[PDB]
Each structure stands twice: as C-alpha cells, then as structure tokens.
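Okay, so here's the structure we're looking at.
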Amino acid sequence: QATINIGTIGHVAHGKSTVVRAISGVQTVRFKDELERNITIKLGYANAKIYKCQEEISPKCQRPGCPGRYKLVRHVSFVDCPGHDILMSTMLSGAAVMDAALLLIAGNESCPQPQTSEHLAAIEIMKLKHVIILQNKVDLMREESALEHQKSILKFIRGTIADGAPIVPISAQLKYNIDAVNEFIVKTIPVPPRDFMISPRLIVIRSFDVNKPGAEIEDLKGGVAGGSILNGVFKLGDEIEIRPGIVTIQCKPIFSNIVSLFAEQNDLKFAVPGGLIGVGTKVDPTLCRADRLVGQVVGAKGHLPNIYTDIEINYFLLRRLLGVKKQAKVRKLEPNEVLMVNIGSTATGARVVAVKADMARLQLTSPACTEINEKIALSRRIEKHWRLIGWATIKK
Amino acid sequence: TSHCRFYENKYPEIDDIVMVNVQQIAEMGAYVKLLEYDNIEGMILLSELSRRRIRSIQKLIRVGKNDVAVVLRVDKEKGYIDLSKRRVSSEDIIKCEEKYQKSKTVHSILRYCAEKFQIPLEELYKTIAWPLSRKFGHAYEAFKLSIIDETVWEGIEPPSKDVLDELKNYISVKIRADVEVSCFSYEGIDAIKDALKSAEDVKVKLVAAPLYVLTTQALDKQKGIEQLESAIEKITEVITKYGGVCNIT
C-alpha cells in the first residue's frame, strides 16, 4: 500500500492541487461550490507511483529508451492541506500525520511570503525537515529573475532547521522537470521505520458516508473513517474504540468493529503504517456525515488512551510571530484567554490556567486524548483569525 | 355526440324513477329536463312540488340544482311529460341517484372515447347497451368486471380499439415524510434495515445517511393518517433497542 505520508505545502492560489495533478493525475476535486472556484476545506488526496528506470509514473519502460521494464520502488500517498491563514487547523492536523514535506514557491510572487513561512515553521516544529522545495510558477519568469529568486530563497534557508533541502524548478501545468522530484522522493526522503509491535494507533482526519442518494435501505453501507496510522498494522476483523468520545457536560468514547481497512484503490487484508487509510467500521454513516470524525483518536480494543481537559503543557515560543506580512512582536501569553492547541489532529480551544517559566496549565473546552507525550503546535487570536505563536508538549 | 339515449325508448315509460334539475318557475311549475336524456325536457306542476305553498324566496334557491323524481304521464310523441317528485320515497335517492351516478361515471369515459377519438357518442354507446345494460344491469359494475371478465370485450365487436385501451387507463396519493435519522451509533444500520423491512412492505427513498424521503400512499387521503403515524411509531420503537437517535419531522 501507501508507503510514506508525504505532505504538500505552499501559499494560497499558487497550485498545490495543480502540482498534485501533475505528479499523479488524481484530482483533489476542489468542491462544495465555494471551493470549486476558490479553496478546499478538506485534505486533497492522490496516489503516486515510483517504479524506477535503472537499466516512473507508469510501470512500463517503453518511454525512456531501454525496453527493460520499470523496476518497482514504492507507492506514495499525498497529504495536501489548505494553505490559507484562516484554515490552518487542517494544516496542523496534517502535519502530525505526515512523515515528510514538499514545499511550493511561485516565481513571480515574493520570497518572504507569510503563509509559506508559517508552514515552514510548523514543519520545523513537528519534525518534518525532509522538505523537497519546488519552484512552481517559473513558466512566467525571466532567465535572471528566477535565478535571483532562487538565490534569495537560499539566503533565507540558512538559519532555519532546513539546511540543504533540494530545490527543483517545475511546471505543474506544462508537465516538465518532475523527473528530478521523483528521484529525490527516493533520494532525499528515506522512509522512517514503522514496525509491528509499536502499539497500534489511528489518527482520524476525515469522516465519510458512502450512502449514495437514490439507493434502498435493504442495500446499506456503514461508516468509513479517513485516517492515518503511524504505529501498528491494523488487520481485517478487529474491534476499535474512538476515544475523544460522544457528547452528552461529559463525553463517552465510541465503539466500532472493522467492516474494512481500505487503502490505494483496492481494499486490503492489512493496513501497514506510514499511510493514510479509509477504514470501514460498523459505526453509523450518520456520524460519518460530513466532518465529524476530524481530529479523533482510534485504538484497537483493550487499550487505554486518556481523555484530558486539564493539561500540563511544556511550552516554547517565538520572538516575533508568523501568518502576517508586519511580523508582530510576541507579547507574553495572557491568562484565561482562548488559544488554539493543535495536538496531533485536534484543534481544541483552550483557556490558560497558569503561566510559569517554560510550563503552562491549560483548560480544554473540548477534551483531547493523550496516549504518549503528544506533539503540539500552538495558536492565538490577535488579528481576528488564528496566528501561530509557538509549540508545546504534554508533560504526561 | 355529447349525450344520447340510455335504454332505447324515446321517453321514460310510465313509472320509472328518473332525475331532473329545475331550471325556472314562473307560474306553471318548473321547466325541468330529464337528466338521463339530457336534451329532452318535461315539466312539473306546482302541487307536485313540496306541498307547502313554496314562496318565491323559497323558490329561487332550488333552480339549476338537481333532484330525483318519477314520471306521472308520458305523451307518446310530444316531449311534454308530467313529473312527480312529491310522491317519491327517500330510498329512491339511494336507488336512482347512485344508479345515475353509476351512469354519470360512464359519461366520463365515453366522452374522450368519442370526441377525442372524433366519433359521435351514440354509436360506440349503442354497441354497448343491449349486451350489457339489457342482458343485466348497466355496464359500470361490469366495467369493473370486464377488467377481469374478458368475455364481455369479445362478447361484442370492437368498432374501434382505442376505446379498449382508454378504459383500463382511467379506472384501472403521496404523503411526504422527511424523517431525520440523526444517529450516533454502531448497530444503527441494522435498525434502519429493520425499519425498511416493515414500512416499505409505501414509497421510501434514501437521500443520505440521515435524511430519508418517504411518500406514504393514501387511499381516502385520510387512510394514510393511520400509515404515516404507524411508521413514525415504528421508527421511535426501533432506535431505543439498538443505540442511535432518530427524529421525525
């Protein structure tokens, strides 16, 4: 199945979807009539092939001269998030689901673009320094201007946790120069190991009913959860608890036996981790209605994640903020103020109980589940929409 | 072409219960017309109306509208025949008018079979009358027989065959429900299936996982009052035993 969760990052109206299309052919759709013209809310999904010519996009070597057929390397799946500074929660969720990143910078649009920088920062925070950098709108720029842009980018990427991350000049519309990108996908991104015995944990980003308009109820379908595994091969025929729960104010975890564990385009026996998977469960498709299973944790039955509202956070912050042009000073965190705490996939609205030296105690208005220590990206409301302040770990 | 004879006599022979409507009264009584032979007309005298001298303000309310009567006397060649509605029992309202209503509904079928087929009405009427309304009672109860007793369609020749098709098209209502299955469970699918397996066996359509459009057929329009309600009750029953939540519009 899908071997490595590779994410796509860039500015809004630059062409992440376009890039995906160029790579795979699989469309992110762009939907709900708002997003048909403009920008997606959900993650965009695509399945790209790597079968190398060693003597590729398709498993045949008729194209690159030598008739010695395309030698199977990998199959990779995309994690394409919204690159808008309003919808950052989704991006954050994607980030602690990904194994590696793909940057997208346009030629004619500037080098210190705010959103892109923010994305980069997020990636750095959440252990995602494996970034393949792509020059995108180069089918517009001069023989000198492009070079200048590249130089500027290089200059920028000197103090960042990205040091010598590779840059490729592609056209997402004209279909050129993606060979290099493909090569890098095997070269610069090795897949981090993901075993059998590391306790099975599924991180849900999407809720899906496949209940088509027109059918009869004597021919029914269950609930499908679109979520990623980063530990534990889920096999067909297992019982599950989804632990952030269902709301009564108290919450109670949801129990579902596996109908299917579906990856690629064809349903499989297994779901080997480091991939984003559509899990058919006996759970109602009415709870998989639109975007209900977003930021929920799934464990195999006989397991104890903990649903915390009162949290011990170890926090770290910036000197100067991101999301804006206008990079504003980080004023100190203020008590009993609504922050957004992004933990793996959750985007919970939290109130500050205490501020110490490097630790903070937080109240959650919506309960999140901590199994391990859990990776956090933090966010705040200063300029209406949510800006990225810093990062944390749950000290548990 | 519009209307014609019923039973092959020019006049409603002595002592047969008929129906008329009163058109106007000036001094004689009403200038009625015999509703079985519509274009022909008889009349009634004032003492053969209601016995209490009917006032002119009592007189005006009854014109145009119809009632039931019997015929006193018949001119063999004049149309000027004497009516009787005063000396008529109340059972003839049940007897004649429903029999006439059973002959009003064959006027509804023999109009588009005649003029929308562009033939005069009496010729495809008088192919029907003698083997149907003289062999036994008149043919509308036999028209609910001839849809299953096809010795009548072959018992007479069809001069046209459009009329054989236009009969069973005519002689042979949805209550919308947007029930909202707002479930949050694990055994909900089964419940839904169970619900389907009793409410559909009337027209049930899936819209999504929560919304369902079911258009329950009613016969008297008020007989689907006992159907929709029943369905609702079933729905209520269903979801308490499985784990989810169903809400009804």
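Chain lettering (A, B, ...) mirrors the order of the structure tokens, residue numbering begins at 1 for each chain separately, and ligand numbering begins at 1 in order of display.
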
Next item on the list: Would you kindly return, as a count of residues only, each protein, DNA or RNA residue with an atom no farther than 12 Å from any atom of residue A:237, considering only C-alpha atoms and excluding same-chain residues fewer than 3 positions away?
Entry: 18

Item checked: DSSP-assigned alpha helix (DSSP H) members of stretch 16-214 of chain B, reported as an NGL selection string -> :B and (56-59 or 91-92 or 98-112 or 121-125 or 129 or 140-143 or 162-170 or 188-199)

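For chain B, the residues having at least one atom no farther than 10 Å from chain A, when counting only C-alpha atoms, are residues 180, 181, 182, 183, 184, 185, 186, 187, 188, 189, 190, 192, 193, 194, 195, 196, 197, 200, 204, 205, 206, 207, 208, 209, 210, 211, 212, 244 and 245 of chain B.
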
Next item on the list: Rounded to one decimal place, report the atom CA of residue B:33-atom CA of residue B:21 distance in Å.
Entry: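 Answer for the atom CA of residue B:33 to atom CA of residue B:21 separation: 6.3 Å.
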
Next item on the list: Would you please extract all strand (DSSP E or B) residues from stretch 12-145 of chain B, as assigned by DSSP on the backbone, and give them as a PyMOL selection string?
Entry: chain B and resi 17-21+25+30+33-34+43+66-73+82-84

With N, CA, C and O atoms kept, could you save the residues just selected as a compact mmCIF listing (two decimals), in the first residue's frame?
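In the end it all went to again.txt:
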# COMPACT_ATOMS: atom_id res chain seq x y z
N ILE B 17 -88.29 5.73 -12.13
CA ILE B 17 -87.75 6.79 -11.29
C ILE B 17 -86.58 7.43 -12.03
O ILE B 17 -85.62 6.75 -12.41
N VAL B 18 -86.66 8.74 -12.25
CA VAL B 18 -85.70 9.47 -13.07
C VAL B 18 -85.05 10.56 -12.24
O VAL B 18 -85.29 10.67 -11.03
N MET B 19 -84.21 11.37 -12.86
CA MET B 19 -83.68 12.56 -12.22
C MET B 19 -83.81 13.77 -13.13
O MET B 19 -83.61 13.67 -14.35
N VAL B 20 -84.15 14.90 -12.53
CA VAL B 20 -84.29 16.17 -13.23
C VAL B 20 -83.58 17.25 -12.43
O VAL B 20 -83.24 17.07 -11.26
N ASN B 21 -83.34 18.39 -13.08
CA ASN B 21 -82.99 19.63 -12.41
C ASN B 21 -84.01 20.70 -12.78
O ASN B 21 -84.54 20.72 -13.89
N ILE B 25 -89.12 28.67 -12.71
CA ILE B 25 -90.54 28.58 -12.41
C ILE B 25 -91.12 29.98 -12.57
O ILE B 25 -90.60 30.93 -11.98
N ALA B 30 -91.89 23.96 -12.64
CA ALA B 30 -90.53 24.00 -13.17
C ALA B 30 -90.47 23.47 -14.59
O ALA B 30 -91.20 22.56 -14.96
N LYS B 33 -85.57 19.30 -17.13
CA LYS B 33 -85.14 18.44 -18.22
C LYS B 33 -84.74 17.09 -17.64
O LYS B 33 -84.24 17.00 -16.52
N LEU B 34 -85.01 16.04 -18.41
CA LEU B 34 -84.76 14.68 -17.95
C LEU B 34 -83.27 14.39 -18.08
O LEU B 34 -82.75 14.25 -19.20
N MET B 43 -91.95 18.68 -17.55
CA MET B 43 -92.25 19.74 -16.59
C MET B 43 -93.06 19.16 -15.44
O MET B 43 -93.62 18.06 -15.53
N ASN B 66 -80.22 19.74 -8.97
CA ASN B 66 -80.94 18.56 -9.41
C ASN B 66 -81.50 17.75 -8.25
O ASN B 66 -81.09 17.91 -7.09
N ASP B 67 -82.45 16.88 -8.58
CA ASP B 67 -83.09 16.00 -7.61
C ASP B 67 -83.62 14.78 -8.34
O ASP B 67 -83.37 14.58 -9.53
N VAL B 68 -84.38 13.96 -7.61
CA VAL B 68 -84.88 12.68 -8.10
C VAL B 68 -86.40 12.76 -8.20
O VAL B 68 -87.06 13.47 -7.43
N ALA B 69 -86.96 12.04 -9.17
CA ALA B 69 -88.39 12.11 -9.44
C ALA B 69 -88.84 10.86 -10.20
O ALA B 69 -88.01 10.08 -10.67
N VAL B 70 -90.15 10.70 -10.30
CA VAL B 70 -90.75 9.68 -11.14
C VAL B 70 -91.69 10.41 -12.10
O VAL B 70 -92.02 11.58 -11.91
N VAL B 71 -92.09 9.72 -13.16
CA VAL B 71 -92.90 10.34 -14.21
C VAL B 71 -94.35 9.90 -14.03
O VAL B 71 -94.64 8.70 -13.92
N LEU B 72 -95.27 10.87 -14.01
CA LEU B 72 -96.69 10.54 -13.92
C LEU B 72 -97.24 10.03 -15.25
O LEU B 72 -97.67 8.88 -15.36
N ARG B 73 -97.22 10.88 -16.27
CA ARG B 73 -97.75 10.53 -17.58
C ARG B 73 -96.73 10.87 -18.66
O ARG B 73 -95.85 11.71 -18.47
N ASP B 82 -95.30 14.55 -17.63
CA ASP B 82 -95.64 15.02 -16.30
C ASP B 82 -94.78 14.35 -15.24
O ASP B 82 -94.72 13.12 -15.17
N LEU B 83 -94.13 15.16 -14.41
CA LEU B 83 -93.18 14.70 -13.42
C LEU B 83 -93.87 14.42 -12.09
O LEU B 83 -95.03 14.78 -11.86
N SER B 84 -93.13 13.76 -11.20
CA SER B 84 -93.58 13.53 -9.83
C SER B 84 -92.37 13.34 -8.94
O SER B 84 -91.69 12.31 -9.03

Check: Within 9 Å of residue B:8, counting only C-alpha atoms, which residues qualify if same-chain residues fewer than 6 places away don't, as number ranges by chain?
Finding: B: 126, 129-130

Dump N, CA and C atoms for the selected residues as a compact mmCIF listing (two decimals), in the first residue's frame?
# COMPACT_ATOMS: atom_id res chain seq x y z
N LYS B 126 -74.22 2.56 -28.39
CA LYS B 126 -75.22 1.56 -28.72
C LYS B 126 -74.60 0.25 -29.18
N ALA B 129 -74.91 -1.15 -25.19
CA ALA B 129 -76.08 -1.09 -24.31
C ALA B 129 -76.82 -2.42 -24.21
N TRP B 130 -77.26 -2.98 -25.35
CA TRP B 130 -78.05 -4.21 -25.35
C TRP B 130 -77.36 -5.46 -24.80

Next item on the list: Write out as a list in words which residues come within 6 Å of residue B:203 when counting only C-alpha atoms, dropping same-chain ones fewer than 2 positions away.
Entry: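 Near residue B:203, the qualifying residues are residues 214, 215 and 216 of chain B.
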
Save out the residues we just selected, N, CA and C atoms, as a PDB file, in the first residue's frame.
ATOM      1  N   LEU B 214     -39.806   9.674   2.415  1.00  0.00           N
ATOM      2  CA  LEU B 214     -40.810   8.622   2.253  1.00  0.00           C
ATOM      3  C   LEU B 214     -42.196   9.188   1.994  1.00  0.00           C
ATOM      4  N   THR B 215     -42.736   8.842   0.830  1.00  0.00           N
ATOM      5  CA  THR B 215     -44.036   9.334   0.377  1.00  0.00           C
ATOM      6  C   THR B 215     -45.106   8.248   0.545  1.00  0.00           C
ATOM      7  N   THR B 216     -45.786   8.289   1.694  1.00  0.00           N
ATOM      8  CA  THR B 216     -46.740   7.249   2.100  1.00  0.00           C
ATOM      9  C   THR B 216     -48.072   7.388   1.345  1.00  0.00           C
TER      10      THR B 216
END

Checklist line | residue A:361 surroundings by only C-alpha atoms, 8 Å radius, close-in-sequence under 4 positions cut, as a VMD selection string | finding: chain A and resid 310 to 313 352 to 355

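Atom pair atom CA of residue B:217 / atom CA of residue B:229: separated by 12.6 Å.
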
Notebook entry, point to check: Which neighbours of residue A:350 fall inside 8 Å, counting only C-alpha atoms, when residues of the same chain fewer than 3 positions from it are skipped, and could you give them as a list in words?
Noted result: residues 337, 338, 339, 340, 341, 362, 363, 364 and 365 of chain A

Selection file, N, CA and C atoms, as a compact mmCIF listing (two decimals), in the first residue's frame:
# COMPACT_ATOMS: atom_id res chain seq x y z
N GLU A 337 -7.42 33.16 28.42
CA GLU A 337 -7.56 33.62 27.04
C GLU A 337 -7.67 32.41 26.11
N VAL A 338 -8.54 32.51 25.10
CA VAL A 338 -8.80 31.41 24.16
C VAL A 338 -7.66 31.26 23.14
N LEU A 339 -6.84 30.23 23.35
CA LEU A 339 -5.82 29.81 22.38
C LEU A 339 -6.36 28.61 21.60
N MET A 340 -5.72 28.27 20.48
CA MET A 340 -5.99 27.02 19.77
C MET A 340 -4.79 26.08 19.88
N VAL A 341 -5.01 24.94 20.54
CA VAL A 341 -3.93 23.99 20.84
C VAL A 341 -4.05 22.77 19.90
N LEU A 362 -3.36 24.14 31.13
CA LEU A 362 -4.47 24.52 30.25
C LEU A 362 -5.80 23.81 30.52
N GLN A 363 -6.88 24.60 30.41
CA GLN A 363 -8.26 24.12 30.44
C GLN A 363 -8.74 23.92 29.00
N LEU A 364 -9.27 22.72 28.71
CA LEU A 364 -9.87 22.43 27.41
C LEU A 364 -11.40 22.46 27.46
N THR A 365 -11.99 23.26 26.58
CA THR A 365 -13.46 23.32 26.40
C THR A 365 -13.97 22.13 25.57

Notebook entry, point to check: Using only C-alpha atoms, which residues sit within 7 Å of stretch 23-37 of chain A once same-chain residues fewer than 5 positions away are excluded, as a PyMOL selection string?
Noted result: chain A and resi 17+44-48

Would you output that residue set with N, CA, C and O atoms, as a tab-separated table (two decimals), in the first residue's frame?
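Dumped everything to part-v7.tsv:
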chain	number	residue	atom	x	y	z
A	17	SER	N	-2.74	21.79	-5.59
A	17	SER	CA	-3.62	20.87	-6.32
A	17	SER	C	-3.07	20.60	-7.71
A	17	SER	O	-3.03	19.44	-8.14
A	44	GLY	N	-6.66	17.18	0.32
A	44	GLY	CA	-6.70	16.63	-1.04
A	44	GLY	C	-5.83	15.39	-1.14
A	44	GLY	O	-4.68	15.39	-0.70
A	45	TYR	N	-6.39	14.33	-1.74
A	45	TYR	CA	-5.72	13.03	-1.77
A	45	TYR	C	-5.35	12.56	-3.17
A	45	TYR	O	-6.13	12.69	-4.12
A	46	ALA	N	-4.14	12.00	-3.28
A	46	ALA	CA	-3.59	11.45	-4.52
A	46	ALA	C	-2.57	10.34	-4.27
A	46	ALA	O	-1.82	10.38	-3.28
A	47	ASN	N	-2.55	9.35	-5.17
A	47	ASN	CA	-1.66	8.19	-5.10
A	47	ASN	C	-0.66	8.11	-6.26
A	47	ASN	O	-1.02	7.73	-7.38
A	48	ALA	N	0.59	8.46	-5.96
A	48	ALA	CA	1.69	8.49	-6.93
A	48	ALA	C	2.55	7.22	-6.91
A	48	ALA	O	2.80	6.64	-5.84

Notebook entry, point to check: atom CA of residue A:11 and atom CA of residue A:117 are how many Å apart?
Noted result: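 Atom CA of residue A:117 lies 9.1 Å from atom CA of residue A:11.
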
Check: Given the choices A:307, A:326, A:202, A:321, which gets closest to residue A:293 if the distance is worked out from only C-alpha atoms?
Finding: A:202
